[PDB]
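What follows is work_6.cif (mmCIF, N, CA and C atoms (P, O5', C5', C4', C3', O3' and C1' of nucleotides)).
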```cif
data_model
loop_
_atom_site.label_atom_id
_atom_site.label_comp_id
_atom_site.auth_asym_id
_atom_site.auth_seq_id
_atom_site.Cartn_x
_atom_site.Cartn_y
_atom_site.Cartn_z
N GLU V 367 -50.41 -44.73 6.39
CA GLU V 367 -50.92 -45.42 5.22
C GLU V 367 -50.54 -44.69 3.95
N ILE V 368 -50.63 -43.36 3.96
CA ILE V 368 -50.19 -42.58 2.80
C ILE V 368 -48.72 -42.85 2.52
N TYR V 369 -47.90 -42.87 3.57
CA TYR V 369 -46.47 -43.06 3.39
C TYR V 369 -46.14 -44.40 2.77
N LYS V 370 -47.03 -45.39 2.90
CA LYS V 370 -46.83 -46.63 2.17
C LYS V 370 -47.07 -46.43 0.69
N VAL V 371 -48.13 -45.71 0.33
CA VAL V 371 -48.43 -45.47 -1.07
C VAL V 371 -47.29 -44.72 -1.73
N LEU V 372 -46.81 -43.65 -1.09
CA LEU V 372 -45.76 -42.86 -1.71
C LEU V 372 -44.46 -43.64 -1.82
N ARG V 373 -44.12 -44.44 -0.82
CA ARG V 373 -42.88 -45.21 -0.81
C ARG V 373 -43.20 -46.63 -0.39
N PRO V 374 -43.48 -47.51 -1.34
CA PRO V 374 -43.83 -48.88 -0.98
C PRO V 374 -42.61 -49.67 -0.56
N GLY V 375 -42.82 -50.56 0.40
CA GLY V 375 -41.71 -51.32 0.94
C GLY V 375 -40.75 -50.49 1.75
N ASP V 376 -41.17 -49.31 2.19
CA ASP V 376 -40.35 -48.46 3.03
C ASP V 376 -40.93 -48.47 4.44
N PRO V 377 -40.27 -49.11 5.41
CA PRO V 377 -40.81 -49.14 6.77
C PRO V 377 -40.94 -47.74 7.33
N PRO V 378 -42.12 -47.37 7.77
CA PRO V 378 -42.36 -46.00 8.22
C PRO V 378 -41.62 -45.66 9.50
N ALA V 379 -41.79 -44.43 9.97
CA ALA V 379 -41.12 -43.95 11.16
C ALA V 379 -42.11 -43.13 11.96
N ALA V 380 -41.60 -42.39 12.95
CA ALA V 380 -42.43 -41.59 13.84
C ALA V 380 -42.44 -40.12 13.44
N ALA V 381 -41.27 -39.49 13.38
CA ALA V 381 -41.16 -38.09 13.02
C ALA V 381 -40.63 -37.91 11.60
N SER V 382 -41.02 -38.80 10.69
CA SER V 382 -40.60 -38.72 9.30
C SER V 382 -41.74 -38.37 8.36
N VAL V 383 -42.83 -39.15 8.39
CA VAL V 383 -43.96 -38.87 7.51
C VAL V 383 -44.58 -37.52 7.84
N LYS V 384 -44.51 -37.11 9.11
CA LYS V 384 -45.01 -35.80 9.50
C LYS V 384 -44.34 -34.69 8.70
N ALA V 385 -43.09 -34.91 8.28
CA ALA V 385 -42.46 -33.98 7.36
C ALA V 385 -42.88 -34.23 5.92
N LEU V 386 -43.01 -35.50 5.53
CA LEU V 386 -43.36 -35.83 4.15
C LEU V 386 -44.66 -35.16 3.74
N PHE V 387 -45.76 -35.49 4.43
CA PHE V 387 -47.05 -34.96 4.03
C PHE V 387 -47.03 -33.44 4.03
N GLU V 388 -46.76 -32.84 5.18
CA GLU V 388 -46.78 -31.39 5.24
C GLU V 388 -45.70 -30.74 4.39
N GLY V 389 -44.87 -31.52 3.70
CA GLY V 389 -44.02 -30.94 2.69
C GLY V 389 -44.51 -31.23 1.29
N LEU V 390 -45.54 -32.08 1.20
CA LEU V 390 -46.09 -32.41 -0.10
C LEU V 390 -47.00 -31.32 -0.65
N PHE V 391 -47.72 -30.62 0.22
CA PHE V 391 -48.61 -29.56 -0.21
C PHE V 391 -48.40 -28.27 0.55
N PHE V 392 -47.53 -28.24 1.54
CA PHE V 392 -47.50 -27.14 2.50
C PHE V 392 -46.08 -26.67 2.74
N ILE V 393 -45.33 -26.41 1.67
CA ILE V 393 -44.03 -25.76 1.76
C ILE V 393 -43.96 -24.70 0.67
N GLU V 394 -43.81 -23.44 1.08
CA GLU V 394 -43.86 -22.32 0.15
C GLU V 394 -42.81 -22.42 -0.96
N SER V 395 -41.76 -23.22 -0.76
CA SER V 395 -40.78 -23.49 -1.81
C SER V 395 -40.89 -24.91 -2.35
N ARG V 396 -42.06 -25.53 -2.21
CA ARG V 396 -42.30 -26.85 -2.75
C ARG V 396 -43.60 -26.94 -3.53
N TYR V 397 -44.47 -25.95 -3.42
CA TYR V 397 -45.79 -26.01 -4.03
C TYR V 397 -46.39 -24.62 -4.01
N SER V 398 -46.94 -24.18 -5.13
CA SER V 398 -47.50 -22.84 -5.17
C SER V 398 -48.47 -22.72 -6.33
N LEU V 399 -49.25 -21.64 -6.28
CA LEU V 399 -50.25 -21.34 -7.28
C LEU V 399 -50.04 -19.99 -7.92
N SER V 400 -49.25 -19.11 -7.30
CA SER V 400 -48.70 -17.91 -7.93
C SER V 400 -49.80 -17.00 -8.48
N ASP V 401 -50.64 -16.51 -7.57
CA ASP V 401 -51.57 -15.42 -7.83
C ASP V 401 -52.67 -15.83 -8.79
N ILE V 402 -52.60 -17.02 -9.37
CA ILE V 402 -53.53 -17.41 -10.41
C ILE V 402 -54.36 -18.57 -9.90
N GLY V 403 -53.68 -19.65 -9.52
CA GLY V 403 -54.38 -20.73 -8.85
C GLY V 403 -55.21 -20.22 -7.69
N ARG V 404 -54.66 -19.27 -6.93
CA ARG V 404 -55.42 -18.72 -5.81
C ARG V 404 -56.66 -18.01 -6.30
N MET V 405 -56.52 -17.13 -7.28
CA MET V 405 -57.67 -16.38 -7.77
C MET V 405 -58.67 -17.29 -8.47
N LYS V 406 -58.18 -18.19 -9.33
CA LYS V 406 -59.07 -19.07 -10.07
C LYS V 406 -59.75 -20.08 -9.16
N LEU V 407 -59.21 -20.31 -7.97
CA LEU V 407 -59.92 -21.15 -7.02
C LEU V 407 -60.90 -20.35 -6.19
N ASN V 408 -60.48 -19.18 -5.71
CA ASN V 408 -61.37 -18.33 -4.93
C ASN V 408 -62.63 -18.01 -5.71
N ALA V 409 -62.48 -17.43 -6.90
CA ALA V 409 -63.65 -17.14 -7.71
C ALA V 409 -64.46 -18.39 -8.00
N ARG V 410 -63.80 -19.54 -8.13
CA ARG V 410 -64.54 -20.77 -8.37
C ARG V 410 -65.37 -21.17 -7.16
N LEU V 411 -64.95 -20.74 -5.97
CA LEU V 411 -65.63 -21.10 -4.74
C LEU V 411 -66.21 -19.91 -3.99
N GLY V 412 -65.85 -18.69 -4.39
CA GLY V 412 -66.34 -17.49 -3.74
C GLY V 412 -65.65 -17.14 -2.44
N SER V 413 -64.91 -18.07 -1.84
CA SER V 413 -64.42 -17.85 -0.48
C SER V 413 -63.29 -16.84 -0.44
N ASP V 414 -63.64 -15.55 -0.40
CA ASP V 414 -62.66 -14.51 -0.12
C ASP V 414 -62.05 -14.67 1.26
N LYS V 415 -62.70 -15.42 2.15
CA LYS V 415 -62.28 -15.57 3.53
C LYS V 415 -60.98 -16.37 3.63
N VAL V 416 -60.43 -16.76 2.49
CA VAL V 416 -59.08 -17.30 2.39
C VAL V 416 -58.20 -16.24 1.76
N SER V 417 -57.02 -16.02 2.33
CA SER V 417 -56.17 -14.94 1.87
C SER V 417 -55.71 -15.20 0.45
N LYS V 418 -56.12 -14.33 -0.46
CA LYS V 418 -55.76 -14.46 -1.87
C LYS V 418 -54.29 -14.23 -2.11
P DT S 1 31.88 -63.17 -62.89
"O5'" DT S 1 32.34 -61.69 -62.47
"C5'" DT S 1 32.79 -61.44 -61.13
"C4'" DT S 1 34.26 -61.05 -61.12
"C3'" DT S 1 34.84 -60.75 -59.74
"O3'" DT S 1 35.66 -61.81 -59.31
"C1'" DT S 1 35.61 -59.22 -61.43
P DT S 2 35.69 -62.20 -57.75
"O5'" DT S 2 37.16 -61.79 -57.27
"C5'" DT S 2 37.53 -61.98 -55.90
"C4'" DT S 2 38.62 -61.00 -55.50
"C3'" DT S 2 38.61 -60.61 -54.02
"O3'" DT S 2 39.94 -60.33 -53.58
"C1'" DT S 2 38.20 -58.71 -55.33
P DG S 3 40.24 -60.10 -52.02
"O5'" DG S 3 40.50 -58.53 -51.88
"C5'" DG S 3 40.73 -57.95 -50.59
"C4'" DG S 3 41.22 -56.52 -50.73
"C3'" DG S 3 40.69 -55.54 -49.67
"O3'" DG S 3 41.75 -55.16 -48.79
"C1'" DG S 3 40.00 -54.87 -51.87
P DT S 4 41.44 -54.56 -47.33
"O5'" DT S 4 40.87 -53.10 -47.62
"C5'" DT S 4 41.72 -52.10 -48.17
"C4'" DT S 4 40.93 -50.84 -48.48
"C3'" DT S 4 40.40 -50.09 -47.27
"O3'" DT S 4 40.46 -48.69 -47.50
"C1'" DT S 4 38.58 -50.81 -48.61
P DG S 5 40.00 -47.65 -46.36
"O5'" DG S 5 38.46 -47.38 -46.69
"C5'" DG S 5 37.65 -46.69 -45.75
"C4'" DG S 5 36.35 -46.25 -46.39
"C3'" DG S 5 35.33 -45.69 -45.41
"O3'" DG S 5 34.53 -44.70 -46.06
"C1'" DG S 5 34.45 -47.63 -46.40
P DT S 6 33.91 -43.48 -45.22
"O5'" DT S 6 33.17 -44.21 -44.01
"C5'" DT S 6 31.84 -43.85 -43.66
"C4'" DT S 6 30.82 -44.60 -44.52
"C3'" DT S 6 29.44 -44.69 -43.90
"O3'" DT S 6 28.55 -43.82 -44.57
"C1'" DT S 6 30.12 -46.77 -44.91
P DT S 7 27.31 -43.18 -43.78
"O5'" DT S 7 26.27 -44.39 -43.66
"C5'" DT S 7 25.85 -45.08 -44.83
"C4'" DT S 7 24.99 -46.28 -44.48
"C3'" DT S 7 24.06 -46.06 -43.29
"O3'" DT S 7 22.87 -46.78 -43.52
"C1'" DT S 7 25.35 -47.91 -42.88
P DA S 8 21.44 -46.07 -43.38
"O5'" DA S 8 20.42 -47.19 -43.88
"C5'" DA S 8 20.84 -48.55 -43.94
"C4'" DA S 8 20.24 -49.35 -42.79
"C3'" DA S 8 19.36 -48.55 -41.84
"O3'" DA S 8 18.10 -49.21 -41.67
"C1'" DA S 8 21.12 -49.65 -40.63
P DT S 9 17.22 -49.06 -40.33
"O5'" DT S 9 17.78 -50.24 -39.41
"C5'" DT S 9 18.02 -51.50 -40.01
"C4'" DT S 9 18.57 -52.51 -39.02
"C3'" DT S 9 17.77 -52.67 -37.74
"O3'" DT S 9 17.88 -54.00 -37.34
"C1'" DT S 9 19.93 -52.08 -37.19
P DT S 10 16.72 -54.72 -36.52
"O5'" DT S 10 17.47 -55.97 -35.87
"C5'" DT S 10 18.88 -55.92 -35.69
"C4'" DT S 10 19.22 -55.84 -34.22
"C3'" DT S 10 18.02 -55.61 -33.31
"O3'" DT S 10 18.05 -56.52 -32.23
"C1'" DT S 10 19.73 -54.09 -32.80
P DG S 11 16.77 -57.44 -31.94
"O5'" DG S 11 17.31 -58.51 -30.89
"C5'" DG S 11 17.51 -58.13 -29.54
"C4'" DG S 11 18.99 -57.97 -29.23
"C3'" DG S 11 19.31 -57.89 -27.75
"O3'" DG S 11 20.52 -58.57 -27.47
"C1'" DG S 11 20.11 -55.96 -28.80
P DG S 12 20.81 -59.12 -25.98
"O5'" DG S 12 20.25 -57.96 -25.03
"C5'" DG S 12 20.90 -57.68 -23.81
"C4'" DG S 12 21.95 -56.60 -24.00
"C3'" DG S 12 22.23 -55.76 -22.75
"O3'" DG S 12 23.56 -56.00 -22.27
"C1'" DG S 12 21.99 -54.40 -24.71
P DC S 13 23.84 -56.06 -20.69
"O5'" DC S 13 24.43 -54.61 -20.36
"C5'" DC S 13 23.63 -53.69 -19.64
"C4'" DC S 13 23.80 -52.29 -20.21
"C3'" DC S 13 23.51 -51.18 -19.23
"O3'" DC S 13 24.72 -50.72 -18.66
"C1'" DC S 13 22.70 -50.72 -21.45
P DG S 14 25.02 -50.97 -17.10
"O5'" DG S 14 24.74 -49.55 -16.43
"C5'" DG S 14 23.45 -48.96 -16.50
"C4'" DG S 14 23.52 -47.57 -17.11
"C3'" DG S 14 22.88 -46.49 -16.27
"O3'" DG S 14 23.32 -45.23 -16.73
"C1'" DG S 14 21.54 -46.85 -18.11
P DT S 15 23.03 -43.90 -15.88
"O5'" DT S 15 21.45 -43.71 -16.02
"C5'" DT S 15 20.88 -43.36 -17.27
"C4'" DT S 15 20.15 -42.04 -17.15
"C3'" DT S 15 19.87 -41.60 -15.73
"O3'" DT S 15 19.72 -40.19 -15.70
"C1'" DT S 15 17.89 -42.45 -16.78
P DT S 16 19.19 -39.46 -14.37
"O5'" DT S 16 17.63 -39.29 -14.66
"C5'" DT S 16 17.20 -38.92 -15.96
"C4'" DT S 16 15.69 -39.02 -16.08
"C3'" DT S 16 14.92 -38.60 -14.84
"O3'" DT S 16 13.71 -38.01 -15.23
"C1'" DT S 16 14.35 -40.78 -15.37
P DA S 17 13.47 -36.43 -15.04
"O5'" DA S 17 12.08 -36.18 -15.79
"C5'" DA S 17 11.92 -36.56 -17.15
"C4'" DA S 17 10.66 -37.37 -17.35
"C3'" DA S 17 9.41 -36.84 -16.65
"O3'" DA S 17 8.29 -37.03 -17.49
"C1'" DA S 17 9.85 -39.03 -15.91
P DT S 18 6.81 -36.66 -16.98
"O5'" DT S 18 6.22 -38.06 -16.53
"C5'" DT S 18 6.26 -39.15 -17.42
"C4'" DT S 18 5.42 -40.30 -16.91
"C3'" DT S 18 4.09 -39.91 -16.28
"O3'" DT S 18 3.10 -40.81 -16.73
"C1'" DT S 18 5.35 -41.20 -14.75
P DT S 19 1.58 -40.66 -16.27
"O5'" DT S 19 1.39 -41.88 -15.26
"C5'" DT S 19 1.87 -43.15 -15.63
"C4'" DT S 19 1.71 -44.15 -14.51
"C3'" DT S 19 0.41 -44.04 -13.70
"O3'" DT S 19 -0.16 -45.32 -13.60
"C1'" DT S 19 2.25 -44.21 -12.28
P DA S 20 -1.57 -45.55 -12.86
"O5'" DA S 20 -1.17 -46.37 -11.56
"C5'" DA S 20 -0.34 -47.51 -11.67
"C4'" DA S 20 0.07 -48.02 -10.31
"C3'" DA S 20 -1.04 -48.06 -9.27
"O3'" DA S 20 -0.91 -49.23 -8.49
"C1'" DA S 20 0.73 -46.73 -8.47
P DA S 21 -1.89 -49.48 -7.25
"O5'" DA S 21 -1.15 -48.75 -6.04
"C5'" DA S 21 0.21 -49.00 -5.79
"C4'" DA S 21 0.46 -49.20 -4.31
"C3'" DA S 21 -0.78 -49.32 -3.46
"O3'" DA S 21 -0.50 -50.14 -2.34
"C1'" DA S 21 0.33 -47.26 -2.99
P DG S 22 -1.54 -50.25 -1.11
"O5'" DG S 22 -1.01 -49.14 -0.10
"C5'" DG S 22 0.38 -49.08 0.19
"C4'" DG S 22 0.65 -48.09 1.30
"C3'" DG S 22 -0.45 -47.95 2.34
"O3'" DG S 22 0.13 -47.72 3.59
"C1'" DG S 22 -0.08 -45.88 1.33
P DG S 23 -0.64 -48.16 4.92
"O5'" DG S 23 -0.74 -46.81 5.77
"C5'" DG S 23 0.44 -46.11 6.10
"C4'" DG S 23 0.12 -44.67 6.45
"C3'" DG S 23 -1.12 -44.48 7.32
"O3'" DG S 23 -0.74 -44.00 8.58
"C1'" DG S 23 -1.02 -42.90 5.51
P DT S 24 -1.66 -44.29 9.86
"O5'" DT S 24 -1.85 -42.85 10.50
"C5'" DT S 24 -2.41 -41.82 9.73
"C4'" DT S 24 -1.87 -40.47 10.16
"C3'" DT S 24 -2.80 -39.68 11.04
"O3'" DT S 24 -2.08 -38.64 11.68
"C1'" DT S 24 -2.78 -38.73 8.91
P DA S 25 -2.84 -37.58 12.62
"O5'" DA S 25 -3.88 -38.49 13.43
"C5'" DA S 25 -5.27 -38.34 13.20
"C4'" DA S 25 -6.05 -38.95 14.35
"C3'" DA S 25 -5.59 -38.52 15.74
"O3'" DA S 25 -6.62 -37.80 16.38
"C1'" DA S 25 -6.03 -40.85 15.62
P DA S 26 -6.74 -36.22 16.15
"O5'" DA S 26 -7.21 -35.66 17.58
"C5'" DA S 26 -7.39 -34.26 17.76
"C4'" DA S 26 -8.53 -33.99 18.72
"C3'" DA S 26 -9.67 -35.00 18.67
"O3'" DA S 26 -10.20 -35.22 19.96
"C1'" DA S 26 -10.50 -32.86 18.15
P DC S 27 -11.17 -36.47 20.22
"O5'" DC S 27 -12.62 -35.94 19.84
"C5'" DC S 27 -13.74 -36.80 19.94
"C4'" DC S 27 -15.00 -36.11 19.44
"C3'" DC S 27 -15.99 -37.01 18.69
"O3'" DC S 27 -17.26 -36.97 19.33
"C1'" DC S 27 -15.58 -34.98 17.51
P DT S 28 -18.41 -38.01 18.90
"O5'" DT S 28 -19.11 -37.30 17.67
"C5'" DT S 28 -19.18 -37.96 16.43
"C4'" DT S 28 -19.71 -37.03 15.37
"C3'" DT S 28 -20.30 -37.72 14.13
"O3'" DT S 28 -21.59 -37.20 13.87
"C1'" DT S 28 -18.81 -36.01 13.51
P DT S 29 -22.87 -37.80 14.62
"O5'" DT S 29 -23.49 -38.80 13.55
"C5'" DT S 29 -23.62 -38.40 12.21
"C4'" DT S 29 -24.19 -39.52 11.37
"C3'" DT S 29 -25.58 -39.98 11.78
"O3'" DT S 29 -26.29 -40.39 10.64
"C1'" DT S 29 -24.04 -41.75 12.07
P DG S 30 -27.80 -40.92 10.77
"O5'" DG S 30 -28.33 -40.92 9.27
"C5'" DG S 30 -27.52 -41.43 8.24
"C4'" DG S 30 -28.37 -41.82 7.04
"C3'" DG S 30 -29.48 -40.84 6.70
"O3'" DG S 30 -29.62 -40.74 5.29
"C1'" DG S 30 -30.41 -42.94 7.14
P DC S 31 -30.94 -40.08 4.66
"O5'" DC S 31 -30.46 -39.47 3.26
"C5'" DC S 31 -30.89 -38.17 2.90
"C4'" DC S 31 -30.64 -37.88 1.43
"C3'" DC S 31 -31.83 -37.27 0.72
"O3'" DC S 31 -31.39 -36.68 -0.49
"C1'" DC S 31 -31.57 -39.45 -0.03
P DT S 32 -32.46 -36.10 -1.55
"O5'" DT S 32 -32.84 -37.36 -2.44
"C5'" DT S 32 -34.20 -37.77 -2.57
"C4'" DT S 32 -34.27 -39.23 -2.95
"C3'" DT S 32 -35.56 -39.67 -3.64
"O3'" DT S 32 -35.26 -40.68 -4.60
"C1'" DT S 32 -35.27 -40.87 -1.62
P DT S 33 -34.66 -40.30 -6.05
"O5'" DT S 33 -33.74 -39.01 -5.79
"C5'" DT S 33 -33.45 -38.09 -6.84
"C4'" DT S 33 -34.61 -37.14 -7.05
"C3'" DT S 33 -34.41 -36.06 -8.11
"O3'" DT S 33 -35.54 -36.02 -8.97
"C1'" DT S 33 -35.24 -35.12 -6.14
P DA S 34 -35.40 -35.62 -10.52
"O5'" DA S 34 -36.85 -35.93 -11.13
"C5'" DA S 34 -37.74 -34.86 -11.45
"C4'" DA S 34 -39.13 -35.11 -10.86
"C3'" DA S 34 -40.05 -33.89 -10.89
"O3'" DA S 34 -40.96 -33.97 -11.97
"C1'" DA S 34 -39.65 -34.50 -8.67
P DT S 35 -41.16 -32.71 -12.95
"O5'" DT S 35 -42.15 -33.26 -14.07
"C5'" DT S 35 -43.47 -33.67 -13.72
"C4'" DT S 35 -43.97 -34.73 -14.69
"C3'" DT S 35 -44.20 -34.24 -16.13
"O3'" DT S 35 -43.23 -34.82 -17.00
"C1'" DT S 35 -45.88 -35.75 -15.38
#
```

If you took the structure in this file and wrote it as C-alpha cells, what would it be?
Amino acid sequence: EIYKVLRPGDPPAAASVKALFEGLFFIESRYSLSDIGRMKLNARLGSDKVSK
DNA sequence: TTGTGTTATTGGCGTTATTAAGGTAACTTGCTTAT
C-alpha cells in the first residue's frame, strides 16, 4: 500500500518494495541525523538505551 | 573622332577534402534520483 502512495500507477512486485521502504529510512548513505538528530531525540525521549 | 591592348567576369572544367552510411555473430534483459 505504501508503494502505491510513493509511486502511483506503478504495479508492485515481490522483492522490490522490500528494498524501497528499508531504503527510505534505513540506509546509512541515504538518511542520517549526524550526532545531532540522535542527541536531540534521545534527550527529548530520555532513551539512552538506543545507541547515540 | 577609329585602330590596338588590357580586364573582369563567367560559365565550364577537374580535385579533393568533407560528410554521410554501413558493418562486426563469447554471453549479457526493468531508473524511477531526491522540499

### Query
Can you list, as a list in words, the residues that the PyMOL selection byres ((chain S and name CA+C1') within 12 of (chain V and name CA+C1')) selects here?
residues 30, 32, 33 and 34 of chain S

### Point-to-point distance in Å for atom C of residue V:418 and atom C of residue V:401
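For atom C of residue V:401 relative to atom C of residue V:418, the distance reads 7.1 Å.
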
### Task
Report the distance between atom N of residue V:416 and atom C of residue V:390 in Å, rounded to one decimal place.
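Interatomic distance here is 20.1 Å.
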
### Task
Calculate how many Å separate atom CA of residue V:415 from atom CA of residue V:398, rounding to one decimal.
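So the two atoms, atom CA of residue V:415 and atom CA of residue V:398, lie 18.6 Å apart.
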
Return as an mmCIF file with N, CA and C atoms, keeping the file's coordinate frame the full set of residues in chain V whose backbone-based DSSP assignment is alpha helix (DSSP H).
```
data_model
loop_
_atom_site.group_PDB
_atom_site.id
_atom_site.type_symbol
_atom_site.label_atom_id
_atom_site.label_comp_id
_atom_site.auth_asym_id
_atom_site.auth_seq_id
_atom_site.Cartn_x
_atom_site.Cartn_y
_atom_site.Cartn_z
ATOM 1 N N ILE V 368 -50.630 -43.360 3.960
ATOM 2 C CA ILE V 368 -50.190 -42.580 2.800
ATOM 3 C C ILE V 368 -48.720 -42.850 2.520
ATOM 4 N N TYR V 369 -47.900 -42.870 3.570
ATOM 5 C CA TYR V 369 -46.470 -43.060 3.390
ATOM 6 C C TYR V 369 -46.140 -44.400 2.770
ATOM 7 N N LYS V 370 -47.030 -45.390 2.900
ATOM 8 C CA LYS V 370 -46.830 -46.630 2.170
ATOM 9 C C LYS V 370 -47.070 -46.430 0.690
ATOM 10 N N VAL V 371 -48.130 -45.710 0.330
ATOM 11 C CA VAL V 371 -48.430 -45.470 -1.070
ATOM 12 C C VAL V 371 -47.290 -44.720 -1.730
ATOM 13 N N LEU V 372 -46.810 -43.650 -1.090
ATOM 14 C CA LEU V 372 -45.760 -42.860 -1.710
ATOM 15 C C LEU V 372 -44.460 -43.640 -1.820
ATOM 16 N N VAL V 383 -42.830 -39.150 8.390
ATOM 17 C CA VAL V 383 -43.960 -38.870 7.510
ATOM 18 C C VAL V 383 -44.580 -37.520 7.840
ATOM 19 N N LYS V 384 -44.510 -37.110 9.110
ATOM 20 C CA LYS V 384 -45.010 -35.800 9.500
ATOM 21 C C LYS V 384 -44.340 -34.690 8.700
ATOM 22 N N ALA V 385 -43.090 -34.910 8.280
ATOM 23 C CA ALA V 385 -42.460 -33.980 7.360
ATOM 24 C C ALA V 385 -42.880 -34.230 5.920
ATOM 25 N N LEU V 386 -43.010 -35.500 5.530
ATOM 26 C CA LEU V 386 -43.360 -35.830 4.150
ATOM 27 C C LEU V 386 -44.660 -35.160 3.740
ATOM 28 N N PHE V 387 -45.760 -35.490 4.430
ATOM 29 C CA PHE V 387 -47.050 -34.960 4.030
ATOM 30 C C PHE V 387 -47.030 -33.440 4.030
ATOM 31 N N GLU V 388 -46.760 -32.840 5.180
ATOM 32 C CA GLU V 388 -46.780 -31.390 5.240
ATOM 33 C C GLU V 388 -45.700 -30.740 4.390
ATOM 34 N N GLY V 389 -44.870 -31.520 3.700
ATOM 35 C CA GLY V 389 -44.020 -30.940 2.690
ATOM 36 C C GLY V 389 -44.510 -31.230 1.290
ATOM 37 N N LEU V 390 -45.540 -32.080 1.200
ATOM 38 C CA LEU V 390 -46.090 -32.410 -0.100
ATOM 39 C C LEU V 390 -47.000 -31.320 -0.650
ATOM 40 N N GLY V 403 -53.680 -19.650 -9.520
ATOM 41 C CA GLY V 403 -54.380 -20.730 -8.850
ATOM 42 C C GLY V 403 -55.210 -20.220 -7.690
ATOM 43 N N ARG V 404 -54.660 -19.270 -6.930
ATOM 44 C CA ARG V 404 -55.420 -18.720 -5.810
ATOM 45 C C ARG V 404 -56.660 -18.010 -6.300
ATOM 46 N N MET V 405 -56.520 -17.130 -7.280
ATOM 47 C CA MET V 405 -57.670 -16.380 -7.770
ATOM 48 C C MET V 405 -58.670 -17.290 -8.470
ATOM 49 N N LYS V 406 -58.180 -18.190 -9.330
ATOM 50 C CA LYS V 406 -59.070 -19.070 -10.070
ATOM 51 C C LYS V 406 -59.750 -20.080 -9.160
ATOM 52 N N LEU V 407 -59.210 -20.310 -7.970
ATOM 53 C CA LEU V 407 -59.920 -21.150 -7.020
ATOM 54 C C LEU V 407 -60.900 -20.350 -6.190
ATOM 55 N N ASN V 408 -60.480 -19.180 -5.710
ATOM 56 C CA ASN V 408 -61.370 -18.330 -4.930
ATOM 57 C C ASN V 408 -62.630 -18.010 -5.710
ATOM 58 N N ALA V 409 -62.480 -17.430 -6.900
ATOM 59 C CA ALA V 409 -63.650 -17.140 -7.710
ATOM 60 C C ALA V 409 -64.460 -18.390 -8.000
ATOM 61 N N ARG V 410 -63.800 -19.540 -8.130
ATOM 62 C CA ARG V 410 -64.540 -20.770 -8.370
ATOM 63 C C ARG V 410 -65.370 -21.170 -7.160
ATOM 64 N N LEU V 411 -64.950 -20.740 -5.970
ATOM 65 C CA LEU V 411 -65.630 -21.100 -4.740
ATOM 66 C C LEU V 411 -66.210 -19.910 -3.990
#
```
